[PDB]
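So the sequence shown is numbered by my numbering: it starts at 15 and just counts up by one. For every residue, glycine included, the Cβ atom is placed at its ideal position computed from N, Cα and C. This report concerns only the one structure given below.
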Amino acid sequence: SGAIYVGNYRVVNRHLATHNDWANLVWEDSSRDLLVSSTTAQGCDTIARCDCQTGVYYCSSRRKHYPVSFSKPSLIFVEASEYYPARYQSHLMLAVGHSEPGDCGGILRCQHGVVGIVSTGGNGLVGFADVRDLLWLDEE
Ligand SMILES: NC(=O)[C@H]1CCC(=O)N(Cc2cc(Cl)c3c[nH]nc3c2)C1
Ligand SMILES: [Zn+2]
């Protein structure tokens with residue numbers, strides 16, 4: 015589990031969004047595993063605006079924050095799951111790191127802010143859905 019709270023927005027893994035999120039939907043993309051909904055209170059997160067390939071992510075299955083090197087956001091093939099059939103997920107970044115399905119929502123961060131959230135994993139790899147291109151998250 016996990017969300018990014020920036021301004022009047024809540025950013026979650028699309029497969030984990032709640033009723034209030036779909037009812038107060040701002041933007042969603044099934045191919046990115048992302049959903050953004052509106053909130054009543056202002057959030058205290060800052061979105062990174064950068065091209066960093068190194069950072070730190072939270073892994074709930076290990077209660078630990080791991081430093082990682084990660085790839086550039088790309089269209090990557092993702093195996094079938096209880097939430098999606100086998101498909102290509104866009105804006106995805108991979109790192110060598112531990113992850114389990116319950117780790118989705120864990121934040122990846124660099125010196126400039128939040129880069130993205132855990133969205134995929136398996137075999138010693140961890141995938142993050144990038145949020146740095148969503149410039150509108152910094153306004154209105
Ligand atoms: N973004 C996706 O397609 C997700 C949706 C939710 C979901 O359970 N998965 C499967 C999945 C996710 C993680 Cl993080 C794993 C770690 N080891 N094996 C894993 C398998 C894909
Ligand atoms: Zn950065």
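Closest by C-alpha distance to residue i, when choosing among the options
| i | options | result |
| --- | --- | --- |
| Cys-124 | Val-40, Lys-78, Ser-104, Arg-146 | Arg-146 |
| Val-92 | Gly-136, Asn-34, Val-25, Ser-15 | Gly-136 |
| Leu-151 | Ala-17, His-126, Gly-16, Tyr-23 | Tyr-23 |
| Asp-65 | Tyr-98, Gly-127, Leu-89 | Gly-127 |
| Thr-134 | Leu-149, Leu-106, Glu-154 | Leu-106 |
Residue i CB to nearest heavy atom of ligand 2 below 7 Å
| i | result |
| --- | --- |
| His-105 | no |
Nonlocal neighbours in the same chain, by C-beta distance under 8 Å from residue i, ignoring five residues either side
| i | result |
| --- | --- |
| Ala-100 | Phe-91, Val-92, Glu-93, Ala-94 |
| residue 8 | A query on residue 8 cannot be resolved here, the shown segment of the chain reaching from 15 to 154 and no further. |
| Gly-116 | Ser-15, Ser-74, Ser-75 |
Contact test: residue i Cβ vs ligand 1 heavy atom, cutoff 7 Å
| i | result |
| --- | --- |
| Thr-54 | no |
| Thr-32 | no |
| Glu-154 | no |
Cβ-Cβ distance between residue i and residue j below 8 Å
| i | j | result |
| --- | --- | --- |
| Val-132 | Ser-113 | yes |
| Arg-28 | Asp-59 | no |
Cβ-based neighbour list, residue i, same chain, cut-off 6 Å, excluding 5 preceding and 5 following
| i | result |
| --- | --- |
| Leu-122 | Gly-69, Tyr-71, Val-129, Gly-130, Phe-142 |
| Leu-89 | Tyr-102, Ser-104 |
Beta-carbon contacts of residue i that lie in its chain and below 7 Å, excluding the five residues immediately before and after
| i | result |
| --- | --- |
| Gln-56 | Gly-21, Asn-22 |
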